[PDB]
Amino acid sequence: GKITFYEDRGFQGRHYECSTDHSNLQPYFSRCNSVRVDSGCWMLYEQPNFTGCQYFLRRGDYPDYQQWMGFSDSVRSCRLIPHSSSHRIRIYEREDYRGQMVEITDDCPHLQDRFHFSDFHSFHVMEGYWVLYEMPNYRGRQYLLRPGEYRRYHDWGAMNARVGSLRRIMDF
């Protein structure tokens, strides 16, 4: 993967070219107002050590932070997401994998309108990498889901349980 961060919008100012995970981008730039993703899928984080607001970016140009649904120009850590040939997630109605469950291997732009139940509080990522979104149609706060278990919203870095859609991460 290759991503370039720029301090000013429109791909101006101090820039940093990156091809790896970084827990601390502050030595290389103090603000990020535009990005060019040359290759790969990336999760950016507002704060160091993969904390704070999260943003999913893939191949393409982002001339302003609003284009990655940024809450500000802060980017202080990043993950290159590895390739997934398959995606499988279990979605549960209640915390700790209780209540109704559905198992999917595709994207879901609207959780509420699609299944047999109406509430979504825990997830088991069986295969691949996903982005969980606060609102329908892949909008709002974003949370990376990696293979593994998410018993309640704190496990996915949320400050509350609001969710609305789910997208597989695939190359771009």
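Position 1 is the first residue in the sequence shown; the rest follow in order.
The stretch with the higher mean CA B factor, choosing between 72-80 and 85-93, is 85-93. Across the two stretches, 109-117 and 130-138, the PDB entry reports the greater mean Cα temperature factor for 109-117. Looking only at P147, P48, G60, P63, the residue with the top Cα B factor in the deposited structure is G60.
In this PDB entry, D21 carries a Cα temperature factor that places it within the lowest third of its chain's modelled residues. For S34, the recorded CA temperature factor ranks within the lowest third of the chain's modelled residues.
When the modelled residues of the chain are ordered by their C-alpha B factor, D171 lands in the highest third. Ranked within its chain, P27 lands in the highest third, by CA B factor from the PDB record.
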